[PDB]
>>> print(open('input_20.cif').read())   # mmCIF, C-alpha atoms and all ligand atoms
data_model
#
loop_
_atom_site.label_atom_id
_atom_site.label_comp_id
_atom_site.auth_asym_id
_atom_site.auth_seq_id
_atom_site.Cartn_x
_atom_site.Cartn_y
_atom_site.Cartn_z
CA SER A 2 -165.88 -48.11 69.56
CA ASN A 3 -168.02 -44.95 69.37
CA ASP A 4 -166.88 -41.92 71.33
CA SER A 5 -169.16 -39.30 72.93
CA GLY A 6 -170.05 -38.04 69.44
CA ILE A 7 -170.64 -34.57 68.07
CA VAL A 8 -172.01 -31.22 69.23
CA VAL A 9 -174.36 -29.54 66.78
CA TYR A 10 -175.20 -25.85 67.05
CA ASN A 11 -178.71 -26.19 65.70
CA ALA A 12 -180.71 -23.25 64.43
CA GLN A 13 -183.08 -25.36 62.28
CA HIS A 14 -186.53 -26.24 63.72
CA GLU A 15 -185.96 -28.75 66.52
CA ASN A 16 -188.47 -31.33 65.28
CA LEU A 17 -186.99 -31.45 61.76
CA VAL A 18 -183.57 -31.99 63.29
CA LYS A 19 -184.87 -34.60 65.76
CA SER A 20 -186.11 -36.72 62.83
CA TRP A 21 -182.61 -36.54 61.33
CA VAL A 22 -180.71 -37.26 64.57
CA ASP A 23 -182.90 -40.28 65.40
CA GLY A 24 -182.17 -41.82 61.99
CA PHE A 25 -178.50 -40.82 61.95
CA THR A 26 -177.63 -42.21 65.38
CA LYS A 27 -179.54 -45.42 64.59
CA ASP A 28 -177.59 -45.83 61.32
CA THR A 29 -174.10 -44.80 62.41
CA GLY A 30 -173.89 -45.13 66.21
CA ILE A 31 -172.66 -41.53 66.31
CA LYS A 32 -174.22 -39.69 69.24
CA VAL A 33 -175.46 -36.12 68.68
CA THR A 34 -175.71 -33.36 71.28
CA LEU A 35 -177.96 -30.51 70.15
CA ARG A 36 -177.43 -26.95 71.32
CA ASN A 37 -180.42 -25.06 69.98
CA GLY A 38 -180.79 -21.35 69.19
CA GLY A 39 -181.64 -18.92 66.38
CA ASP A 40 -179.54 -18.48 63.21
CA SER A 41 -178.13 -15.08 64.19
CA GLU A 42 -177.24 -15.75 67.83
CA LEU A 43 -175.61 -19.12 67.02
CA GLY A 44 -173.67 -17.62 64.08
CA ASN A 45 -172.38 -14.81 66.30
CA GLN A 46 -171.58 -17.34 69.06
CA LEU A 47 -169.40 -19.29 66.64
CA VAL A 48 -167.61 -16.11 65.53
CA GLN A 49 -166.96 -15.09 69.16
CA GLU A 50 -165.90 -18.57 70.32
CA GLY A 51 -163.65 -19.04 67.27
CA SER A 52 -161.13 -21.85 67.79
CA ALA A 53 -162.35 -22.39 71.38
CA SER A 54 -165.82 -23.52 70.19
CA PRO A 55 -166.97 -27.08 71.04
CA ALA A 56 -169.22 -27.04 67.94
CA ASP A 57 -168.67 -29.69 65.29
CA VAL A 58 -171.55 -28.77 62.94
CA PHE A 59 -173.70 -25.66 62.43
CA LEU A 60 -177.23 -26.02 60.99
CA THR A 61 -179.37 -23.00 60.06
CA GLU A 62 -182.89 -22.29 58.87
CA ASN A 63 -181.58 -19.73 56.37
CA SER A 64 -178.47 -18.73 54.38
CA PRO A 65 -177.29 -15.38 55.84
CA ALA A 66 -175.85 -16.88 59.08
CA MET A 67 -173.89 -19.40 56.98
CA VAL A 68 -172.37 -16.50 55.02
CA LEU A 69 -171.42 -14.79 58.31
CA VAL A 70 -169.63 -17.87 59.68
CA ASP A 71 -167.94 -18.60 56.34
CA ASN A 72 -166.75 -14.96 56.16
CA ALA A 73 -165.06 -15.54 59.53
CA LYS A 74 -163.20 -18.52 57.93
CA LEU A 75 -164.57 -20.98 60.48
CA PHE A 76 -165.76 -23.84 58.21
CA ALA A 77 -163.85 -26.88 56.92
CA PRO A 78 -164.31 -27.89 53.28
CA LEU A 79 -167.07 -30.44 52.84
CA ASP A 80 -166.14 -33.92 51.64
CA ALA A 81 -166.53 -34.60 47.90
CA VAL A 82 -169.52 -36.95 48.27
CA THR A 83 -171.42 -34.32 50.26
CA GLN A 84 -170.82 -31.71 47.55
CA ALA A 85 -172.09 -34.10 44.84
CA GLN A 86 -175.25 -34.94 46.82
CA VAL A 87 -176.90 -31.51 46.69
CA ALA A 88 -178.45 -29.87 43.61
CA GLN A 89 -176.31 -27.04 42.18
CA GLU A 90 -178.99 -24.40 42.80
CA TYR A 91 -178.81 -25.20 46.56
CA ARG A 92 -175.04 -24.87 46.95
CA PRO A 93 -173.39 -21.48 47.48
CA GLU A 94 -171.24 -20.13 44.62
CA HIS A 95 -168.68 -19.18 47.27
CA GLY A 96 -168.34 -20.71 50.74
CA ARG A 97 -167.56 -23.91 52.64
CA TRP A 98 -171.13 -24.91 53.40
CA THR A 99 -174.09 -26.57 51.72
CA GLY A 100 -177.83 -26.27 51.41
CA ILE A 101 -179.60 -28.96 53.50
CA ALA A 102 -183.29 -28.06 53.03
CA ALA A 103 -185.36 -25.23 51.56
CA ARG A 104 -188.52 -23.27 52.31
CA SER A 105 -190.79 -21.01 50.25
CA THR A 106 -191.84 -17.49 51.22
CA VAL A 107 -195.66 -17.28 51.29
CA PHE A 108 -198.43 -14.84 52.07
CA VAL A 109 -200.61 -16.62 54.63
CA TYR A 110 -204.16 -15.27 54.59
CA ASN A 111 -207.61 -15.89 56.06
CA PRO A 112 -210.14 -16.55 53.21
CA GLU A 113 -213.05 -15.61 55.49
CA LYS A 114 -211.49 -12.12 55.74
CA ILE A 115 -209.83 -11.74 52.34
CA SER A 116 -210.25 -13.45 49.11
CA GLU A 117 -207.56 -14.86 46.69
CA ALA A 118 -208.20 -12.08 44.14
CA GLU A 119 -207.60 -9.42 46.81
CA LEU A 120 -204.11 -10.57 47.78
CA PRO A 121 -201.05 -8.48 46.89
CA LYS A 122 -199.70 -9.26 43.41
CA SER A 123 -196.13 -8.62 44.57
CA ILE A 124 -194.55 -8.49 48.05
CA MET A 125 -193.59 -4.93 47.04
CA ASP A 126 -197.29 -4.02 46.99
CA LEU A 127 -197.44 -4.39 50.80
CA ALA A 128 -195.77 -0.95 50.95
CA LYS A 129 -198.80 0.75 49.35
CA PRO A 130 -201.16 2.76 51.63
CA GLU A 131 -204.07 0.39 50.91
CA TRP A 132 -202.11 -2.30 52.84
CA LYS A 133 -201.93 -0.28 56.10
CA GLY A 134 -203.09 -2.43 59.03
CA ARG A 135 -203.63 -5.48 56.86
CA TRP A 136 -200.51 -7.61 57.28
CA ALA A 137 -198.22 -9.15 59.90
CA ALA A 138 -194.67 -10.47 60.14
CA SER A 139 -192.04 -11.48 62.70
CA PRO A 140 -189.20 -9.01 62.01
CA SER A 141 -186.90 -10.22 64.83
CA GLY A 142 -186.52 -13.70 63.33
CA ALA A 143 -183.82 -14.94 60.97
CA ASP A 144 -186.63 -16.23 58.70
CA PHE A 145 -188.08 -12.82 57.88
CA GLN A 146 -184.63 -11.20 57.88
CA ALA A 147 -183.60 -13.68 55.17
CA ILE A 148 -186.60 -12.60 53.05
CA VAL A 149 -185.39 -9.00 53.46
CA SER A 150 -181.84 -10.08 52.47
CA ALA A 151 -183.27 -11.50 49.19
CA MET A 152 -185.11 -8.20 48.58
CA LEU A 153 -181.84 -6.33 49.22
CA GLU A 154 -180.09 -8.57 46.67
CA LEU A 155 -182.84 -8.31 44.02
CA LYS A 156 -184.04 -4.71 44.38
CA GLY A 157 -181.06 -2.97 45.97
CA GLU A 158 -180.54 -0.87 49.09
CA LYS A 159 -182.65 2.22 48.23
CA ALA A 160 -185.74 0.24 47.20
CA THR A 161 -185.40 -2.15 50.16
CA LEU A 162 -185.09 0.65 52.75
CA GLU A 163 -188.12 2.38 51.14
CA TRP A 164 -190.16 -0.83 51.45
CA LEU A 165 -188.99 -1.29 55.06
CA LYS A 166 -190.06 2.24 56.05
CA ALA A 167 -193.49 1.59 54.49
CA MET A 168 -193.60 -1.72 56.37
CA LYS A 169 -193.09 0.20 59.63
CA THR A 170 -196.19 2.23 58.76
CA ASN A 171 -198.25 -0.69 57.51
CA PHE A 172 -197.50 -3.92 59.35
CA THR A 173 -198.20 -5.46 62.75
CA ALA A 174 -195.38 -7.32 64.56
CA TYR A 175 -195.72 -10.68 66.31
CA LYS A 176 -192.90 -12.77 67.76
CA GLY A 177 -192.57 -15.98 65.74
CA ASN A 178 -194.03 -17.06 62.40
CA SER A 179 -196.30 -19.56 64.16
CA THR A 180 -197.69 -16.55 66.09
CA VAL A 181 -198.21 -14.66 62.79
CA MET A 182 -200.06 -17.67 61.36
CA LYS A 183 -202.23 -18.00 64.48
CA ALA A 184 -203.07 -14.28 64.34
CA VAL A 185 -204.24 -14.66 60.72
CA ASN A 186 -206.08 -17.88 61.64
CA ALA A 187 -207.96 -16.03 64.40
CA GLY A 188 -208.92 -13.24 61.98
CA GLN A 189 -206.79 -10.61 63.75
CA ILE A 190 -205.34 -9.43 60.44
CA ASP A 191 -205.89 -10.17 56.72
CA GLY A 192 -202.56 -11.91 56.14
CA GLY A 193 -198.85 -12.10 56.80
CA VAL A 194 -195.44 -12.96 55.38
CA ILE A 195 -194.08 -16.31 56.59
CA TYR A 196 -192.60 -19.53 55.17
CA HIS A 197 -194.73 -22.32 53.73
CA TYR A 198 -194.01 -25.10 56.24
CA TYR A 199 -195.75 -23.61 59.27
CA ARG A 200 -199.25 -24.40 57.98
CA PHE A 201 -198.36 -27.95 56.96
CA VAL A 202 -196.73 -28.67 60.33
CA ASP A 203 -199.81 -27.51 62.23
CA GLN A 204 -202.23 -29.28 59.89
CA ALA A 205 -200.34 -32.52 60.59
CA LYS A 206 -201.03 -32.02 64.31
CA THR A 207 -204.52 -30.77 65.29
CA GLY A 208 -204.92 -27.93 62.78
CA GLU A 209 -206.16 -25.67 65.60
CA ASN A 210 -203.78 -22.90 64.53
CA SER A 211 -204.11 -23.13 60.75
CA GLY A 212 -207.54 -24.41 59.58
CA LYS A 213 -208.84 -20.91 58.79
CA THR A 214 -205.76 -19.97 56.72
CA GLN A 215 -204.57 -20.63 53.18
CA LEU A 216 -201.24 -19.98 51.48
CA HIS A 217 -200.56 -17.65 48.56
CA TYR A 218 -197.44 -18.04 46.39
CA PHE A 219 -196.27 -14.81 44.72
CA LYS A 220 -194.50 -16.55 41.82
CA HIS A 221 -193.46 -14.24 38.91
CA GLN A 222 -189.81 -14.28 40.10
CA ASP A 223 -191.07 -11.74 42.67
CA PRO A 224 -188.93 -11.06 45.75
CA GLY A 225 -191.92 -12.57 47.61
CA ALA A 226 -191.31 -15.86 45.79
CA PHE A 227 -187.87 -16.19 47.44
CA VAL A 228 -186.90 -19.76 48.35
CA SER A 229 -184.71 -19.64 51.45
CA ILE A 230 -181.97 -22.25 51.65
CA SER A 231 -181.20 -23.85 55.05
CA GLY A 232 -177.49 -24.44 55.59
CA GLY A 233 -175.11 -26.97 57.09
CA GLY A 234 -171.38 -26.68 57.66
CA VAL A 235 -168.58 -28.49 59.49
CA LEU A 236 -166.45 -26.34 61.83
CA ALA A 237 -162.72 -26.26 61.11
CA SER A 238 -162.11 -26.33 64.89
CA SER A 239 -163.97 -29.65 65.23
CA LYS A 240 -162.18 -32.25 67.37
CA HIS A 241 -164.54 -34.82 65.78
CA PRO A 242 -164.00 -33.96 62.06
CA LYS A 243 -164.93 -37.29 60.43
CA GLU A 244 -168.10 -37.76 62.52
CA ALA A 245 -169.00 -34.14 61.76
CA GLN A 246 -168.52 -34.74 57.99
CA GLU A 247 -170.50 -37.98 58.35
CA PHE A 248 -173.45 -36.08 59.82
CA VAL A 249 -173.63 -33.48 57.02
CA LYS A 250 -173.18 -36.25 54.41
CA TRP A 251 -176.01 -38.18 56.04
CA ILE A 252 -178.54 -35.32 56.24
CA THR A 253 -177.85 -34.27 52.62
CA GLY A 254 -177.75 -37.87 51.40
CA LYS A 255 -180.49 -40.31 50.45
CA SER A 256 -181.39 -41.08 54.08
CA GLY A 257 -181.61 -37.47 55.32
CA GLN A 258 -183.40 -36.24 52.20
CA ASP A 259 -185.87 -39.17 52.29
CA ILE A 260 -186.70 -38.06 55.85
CA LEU A 261 -187.46 -34.52 54.61
CA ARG A 262 -189.87 -36.06 52.08
CA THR A 263 -191.69 -38.18 54.67
CA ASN A 264 -191.41 -36.47 58.08
CA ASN A 265 -193.82 -33.94 59.61
CA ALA A 266 -191.55 -30.89 59.10
CA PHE A 267 -192.67 -30.31 55.50
CA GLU A 268 -189.54 -28.53 54.30
CA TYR A 269 -188.22 -29.05 50.76
CA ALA A 270 -185.52 -31.54 49.86
CA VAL A 271 -182.46 -30.08 48.12
CA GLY A 272 -180.65 -33.32 47.18
CA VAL A 273 -179.95 -34.24 43.55
CA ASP A 274 -183.15 -35.94 42.29
CA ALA A 275 -184.67 -35.70 45.79
CA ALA A 276 -188.45 -35.28 45.64
CA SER A 277 -190.31 -33.42 48.34
CA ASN A 278 -193.49 -34.22 50.28
CA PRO A 279 -196.34 -34.61 47.75
CA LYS A 280 -198.46 -32.11 49.71
CA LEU A 281 -196.03 -29.30 48.77
CA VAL A 282 -196.02 -27.21 45.58
CA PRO A 283 -192.95 -28.60 43.77
CA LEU A 284 -189.89 -26.28 43.78
CA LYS A 285 -189.86 -26.15 39.97
CA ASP A 286 -193.43 -24.77 40.01
CA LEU A 287 -192.75 -21.84 42.41
CA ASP A 288 -191.28 -19.54 39.73
CA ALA A 289 -188.80 -18.31 42.33
CA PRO A 290 -186.28 -15.50 41.64
CA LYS A 291 -182.62 -16.39 41.20
CA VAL A 292 -180.96 -15.30 44.45
CA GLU A 293 -177.34 -16.30 45.10
CA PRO A 294 -177.27 -17.48 48.77
CA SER A 295 -173.62 -16.49 49.29
CA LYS A 296 -174.47 -12.87 48.45
CA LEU A 297 -176.98 -12.50 51.32
CA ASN A 298 -176.01 -9.98 53.96
CA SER A 299 -177.41 -10.27 57.49
CA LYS A 300 -175.46 -7.28 58.84
CA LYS A 301 -176.79 -4.91 56.18
CA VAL A 302 -180.35 -6.19 56.71
CA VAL A 303 -180.13 -5.47 60.45
CA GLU A 304 -178.75 -1.99 59.69
CA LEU A 305 -181.60 -1.17 57.27
CA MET A 306 -184.34 -2.67 59.45
CA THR A 307 -182.96 -0.79 62.47
CA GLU A 308 -182.97 2.45 60.44
CA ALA A 309 -186.63 1.73 59.58
CA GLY A 310 -187.44 1.31 63.30
CA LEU A 311 -188.32 -2.37 62.94
CA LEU A 312 -185.68 -3.60 65.40
FE FE A 401 -188.87 -20.97 60.85
ZN ZN A 402 -182.17 -17.98 71.53
ZN ZN A 403 -209.35 -6.90 55.48
ZN ZN A 404 -202.85 -17.39 45.52
ZN ZN A 405 -195.21 -11.78 35.91
ZN ZN A 406 -165.31 -38.24 67.80
#
>>> encode(input="input_20.cif", output="structure tokens")
Amino acid sequence: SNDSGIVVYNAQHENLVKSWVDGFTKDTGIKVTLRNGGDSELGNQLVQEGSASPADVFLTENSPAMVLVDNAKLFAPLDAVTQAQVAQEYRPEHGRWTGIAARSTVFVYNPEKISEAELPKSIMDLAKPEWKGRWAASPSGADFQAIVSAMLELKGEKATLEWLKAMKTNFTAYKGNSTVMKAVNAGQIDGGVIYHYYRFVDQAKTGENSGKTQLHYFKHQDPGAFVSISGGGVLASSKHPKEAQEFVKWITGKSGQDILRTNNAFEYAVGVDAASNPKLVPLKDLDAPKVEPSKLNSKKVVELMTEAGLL
């Protein structure tokens, strides 16, 4: 009665997705095979595989890889119920994909090293000479590259490249946002630019990587207050189209969004009238900038960051 199920190219954090798959397979009997990787490499893989891909669904941490795959005309339109399930602000103006979760940019900092009042007012302030040697990031990741794509959209190419060149002077690189957080936790550096969920995830475990940190929210519709939207799409090449649609409907529906609210991943729910974990600052209180996800440009970001010597 059930076949072998679907193949999901999964670029979202494995433990978030495991909470979804467990519930989904229990509910529907549809088996899920995860093939994990980062947003960029999985997006490029889909483009290069094209119609020969075994992928039924693509999930991402951020929006730019969704835009890349949609630009290649590789997605199927999402079923009507799926489109109605997600709040308008978390659906692209153009493109055959949907938001599935969201995350807030933050400045993670160590209060034993540096004090709320001392934090940068704007992410743009991190370019100033007084910030030299005082902040970290993980430039190779799709997470940080998405924050740069928002800056590109909000401030334009000239101002973004300028900030990136100053970043080269000022920042210290670590591989992975968890690594950035741990570095701040250990007092290696005053702070860093990451997403909000890392601290919550660790605090729900042992807290050994996060107890000496706190989170700062830039607010003010600052580029640093960017809320990155995680994406899901069904591949047009899918040989399991209904099961694929069922999966994206499920994760964006009441069951999937309830799991975001209650699991130990601590990412924001994007469903219509879907509340998030009560430990989180509500989305409506973040004072985030308006950034159209379908305008975000991963290729241009890589070009600018490469020009700045960051990649
Ligand atoms: Fe991440
Ligand atoms: Zn990889
Ligand atoms: Zn300091
Ligand atoms: Zn603060
Ligand atoms: Zn203001
Ligand atoms: Zn099937």
>>> atom_distance(input="input_20.cif", atom1="atom CA of residue 300 of chain A", atom2="atom CA of residue 266 of chain A")
28.6 Å
>>> residues_near_ligand(input="input_20.cif", ligand="ligand ZN 406 (chain A)", cutoff="10 Å", atoms="all atoms listed in the file", output="list in words")
residues 3, 4, 5, 6, 7, 8, 31, 32, 57, 239, 240, 241, 242, 243, 244 and 245 of chain A
>>> residues_around(input="input_20.cif", residues="residue 171 of chain A", least_positions_apart="6", cutoff="10 Å", atoms="only C-alpha atoms", output="PDB file with C-alpha atoms, in the coordinates of the input")
ATOM      1  CA  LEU A 127    -197.440  -4.390  50.800  1.00  0.00           C
ATOM      2  CA  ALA A 128    -195.770  -0.950  50.950  1.00  0.00           C
ATOM      3  CA  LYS A 129    -198.800   0.750  49.350  1.00  0.00           C
ATOM      4  CA  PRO A 130    -201.160   2.760  51.630  1.00  0.00           C
ATOM      5  CA  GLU A 131    -204.070   0.390  50.910  1.00  0.00           C
ATOM      6  CA  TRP A 132    -202.110  -2.300  52.840  1.00  0.00           C
ATOM      7  CA  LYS A 133    -201.930  -0.280  56.100  1.00  0.00           C
ATOM      8  CA  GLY A 134    -203.090  -2.430  59.030  1.00  0.00           C
ATOM      9  CA  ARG A 135    -203.630  -5.480  56.860  1.00  0.00           C
ATOM     10  CA  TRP A 136    -200.510  -7.610  57.280  1.00  0.00           C
ATOM     11  CA  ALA A 137    -198.220  -9.150  59.900  1.00  0.00           C
ATOM     12  CA  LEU A 165    -188.990  -1.290  55.060  1.00  0.00           C
TER      13      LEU A 165
END
>>> atom_distance(input="input_20.cif", atom1="atom CA of residue 229 of chain A", atom2="atom CA of residue 73 of chain A")
21.6 Å
>>> residues_near_ligand(input="input_20.cif", ligand="ligand ZN 403 (chain A)", cutoff="6 Å", atoms="all atoms listed in the file", output="JSON, numbers by chain")
{"A": [114, 115, 191]}
>>> write_last_selection(input="input_20.cif", atoms="C-alpha atoms", output="short mmCIF file (atom, residue, chain, number, x, y, z; two decimals), in the coordinates of the input")
data_model
loop_
_atom_site.label_atom_id
_atom_site.label_comp_id
_atom_site.auth_asym_id
_atom_site.auth_seq_id
_atom_site.Cartn_x
_atom_site.Cartn_y
_atom_site.Cartn_z
CA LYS A 114 -211.49 -12.12 55.74
CA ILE A 115 -209.83 -11.74 52.34
CA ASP A 191 -205.89 -10.17 56.72
#
>>> closest_atom_pairs(input="input_20.cif", of="chain A", to="ligand ZN 402 (chain A)", cutoff="7 Å", atoms="all atoms listed in the file", output="JSON lines")
{"residue": "A:38", "atom": "CA", "partner": "A:ZN402", "partner_atom": "ZN", "distance": 4.3}
{"residue": "A:39", "atom": "CA", "partner": "A:ZN402", "partner_atom": "ZN", "distance": 5.3}
{"residue": "A:42", "atom": "CA", "partner": "A:ZN402", "partner_atom": "ZN", "distance": 6.6}
>>> closest_atom_pairs(input="input_20.cif", of="chain A", to="ligand ZN 404 (chain A)", cutoff="9 Å", atoms="all atoms listed in the file", output="JSON lines")
{"residue": "A:108", "atom": "CA", "partner": "A:ZN404", "partner_atom": "ZN", "distance": 8.3}
{"residue": "A:117", "atom": "CA", "partner": "A:ZN404", "partner_atom": "ZN", "distance": 5.5}
{"residue": "A:118", "atom": "CA", "partner": "A:ZN404", "partner_atom": "ZN", "distance": 7.7}
{"residue": "A:120", "atom": "CA", "partner": "A:ZN404", "partner_atom": "ZN", "distance": 7.3}
{"residue": "A:122", "atom": "CA", "partner": "A:ZN404", "partner_atom": "ZN", "distance": 9.0}
{"residue": "A:215", "atom": "CA", "partner": "A:ZN404", "partner_atom": "ZN", "distance": 8.5}
{"residue": "A:216", "atom": "CA", "partner": "A:ZN404", "partner_atom": "ZN", "distance": 6.7}
{"residue": "A:217", "atom": "CA", "partner": "A:ZN404", "partner_atom": "ZN", "distance": 3.8}
{"residue": "A:218", "atom": "CA", "partner": "A:ZN404", "partner_atom": "ZN", "distance": 5.5}
{"residue": "A:219", "atom": "CA", "partner": "A:ZN404", "partner_atom": "ZN", "distance": 7.1}
>>> residues_around(input="input_20.cif", residues="residue 141 of chain A", least_positions_apart="6", cutoff="9 Å", atoms="all atoms listed in the file", output="count of residues only")
6
>>> residues_near_ligand(input="input_20.cif", ligand="ligand FE 401 (chain A)", cutoff="7 Å", atoms="all atoms listed in the file", output="count of residues only")
5
>>> residues_near_point(input="input_20.cif", point="(-164.8, -21.2, 69.9)", cutoff="12 Å", atoms="all atoms listed in the file", output="JSON, numbers by chain")
{"A": [10, 43, 44, 45, 46, 47, 48, 49, 50, 51, 52, 53, 54, 55, 56, 57, 70, 73, 75, 236, 237, 238, 239, 240]}
>>> closest_atom_pairs(input="input_20.cif", of="chain A", to="ligand ZN 405 (chain A)", cutoff="12 Å", atoms="all atoms listed in the file", output="tab-separated table")
residue	atom	partner	partner_atom	distance
A:122	CA	A:ZN405	ZN	9.1
A:123	CA	A:ZN405	ZN	9.3
A:219	CA	A:ZN405	ZN	9.4
A:220	CA	A:ZN405	ZN	7.6
A:221	CA	A:ZN405	ZN	4.3
A:222	CA	A:ZN405	ZN	7.3
A:223	CA	A:ZN405	ZN	7.9
A:224	CA	A:ZN405	ZN	11.7
A:226	CA	A:ZN405	ZN	11.4
A:288	CA	A:ZN405	ZN	9.5
A:289	CA	A:ZN405	ZN	11.2
A:290	CA	A:ZN405	ZN	11.2
>>> closest_residue(input="input_20.cif", among="A:262, A:255, A:291, A:280", to="residue 86 of chain A", atoms="all atoms listed in the file")
A:255
>>> atom_distance(input="input_20.cif", atom1="atom CA of residue 248 of chain A", atom2="atom CA of residue 234 of chain A")
9.9 Å
>>> axis_aligned_box(input="input_20.cif", around="segment 237-242 of chain A", padding_each_side="3 Å", output="lines of an AutoDock Vina configuration file")
center_x = -163.3
center_y = -30.5
center_z = 64.2
size_x = 8.4
size_y = 14.6
size_z = 12.3
>>> residues_near_point(input="input_20.cif", point="(-198.9, -28.2, 62.4)", cutoff="12 Å", atoms="all atoms listed in the file", output="JSON list (two decimals) with C-alpha atoms, keeping the file's coordinate frame")
[["chain", "number", "residue", "atom", "x", "y", "z"],
["A", 16, "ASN", "CA", -188.47, -31.33, 65.28],
["A", 179, "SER", "CA", -196.30, -19.56, 64.16],
["A", 182, "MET", "CA", -200.06, -17.67, 61.36],
["A", 183, "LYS", "CA", -202.23, -18.00, 64.48],
["A", 197, "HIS", "CA", -194.73, -22.32, 53.73],
["A", 198, "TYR", "CA", -194.01, -25.10, 56.24],
["A", 199, "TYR", "CA", -195.75, -23.61, 59.27],
["A", 200, "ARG", "CA", -199.25, -24.40, 57.98],
["A", 201, "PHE", "CA", -198.36, -27.95, 56.96],
["A", 202, "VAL", "CA", -196.73, -28.67, 60.33],
["A", 203, "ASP", "CA", -199.81, -27.51, 62.23],
["A", 204, "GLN", "CA", -202.23, -29.28, 59.89],
["A", 205, "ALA", "CA", -200.34, -32.52, 60.59],
["A", 206, "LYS", "CA", -201.03, -32.02, 64.31],
["A", 207, "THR", "CA", -204.52, -30.77, 65.29],
["A", 208, "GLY", "CA", -204.92, -27.93, 62.78],
["A", 209, "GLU", "CA", -206.16, -25.67, 65.60],
["A", 210, "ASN", "CA", -203.78, -22.90, 64.53],
["A", 211, "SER", "CA", -204.11, -23.13, 60.75],
["A", 212, "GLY", "CA", -207.54, -24.41, 59.58],
["A", 264, "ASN", "CA", -191.41, -36.47, 58.08],
["A", 265, "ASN", "CA", -193.82, -33.94, 59.61],
["A", 266, "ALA", "CA", -191.55, -30.89, 59.10],
["A", 267, "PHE", "CA", -192.67, -30.31, 55.50]]
>>> closest_residue(input="input_20.cif", among="A:153, A:138, A:9, A:124", to="residue 297 of chain A", atoms="only C-alpha atoms")
A:153
>>> residues_around(input="input_20.cif", residues="residue 256 of chain A", least_positions_apart="4", cutoff="9 Å", atoms="only C-alpha atoms", output="ChimeraX atom specification")
/A:21,24-25,251-252,260-261
>>> write_last_selection(input="input_20.cif", atoms="C-alpha atoms", output="mmCIF file, keeping the file's coordinate frame")
data_model
loop_
_atom_site.group_PDB
_atom_site.id
_atom_site.type_symbol
_atom_site.label_atom_id
_atom_site.label_comp_id
_atom_site.auth_asym_id
_atom_site.auth_seq_id
_atom_site.Cartn_x
_atom_site.Cartn_y
_atom_site.Cartn_z
ATOM 1 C CA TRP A 21 -182.610 -36.540 61.330
ATOM 2 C CA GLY A 24 -182.170 -41.820 61.990
ATOM 3 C CA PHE A 25 -178.500 -40.820 61.950
ATOM 4 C CA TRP A 251 -176.010 -38.180 56.040
ATOM 5 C CA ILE A 252 -178.540 -35.320 56.240
ATOM 6 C CA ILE A 260 -186.700 -38.060 55.850
ATOM 7 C CA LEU A 261 -187.460 -34.520 54.610
#
>>> closest_residue(input="input_20.cif", among="A:77, A:270, A:33, A:190", to="residue 113 of chain A", atoms="only C-alpha atoms")
A:190
>>> closest_residue(input="input_20.cif", among="A:93, A:100, A:233, A:78", to="residue 272 of chain A", atoms="only C-alpha atoms")
A:100
>>> closest_residue(input="input_20.cif", among="A:246, A:161, A:150, A:34", to="residue 82 of chain A", atoms="all atoms listed in the file")
A:246
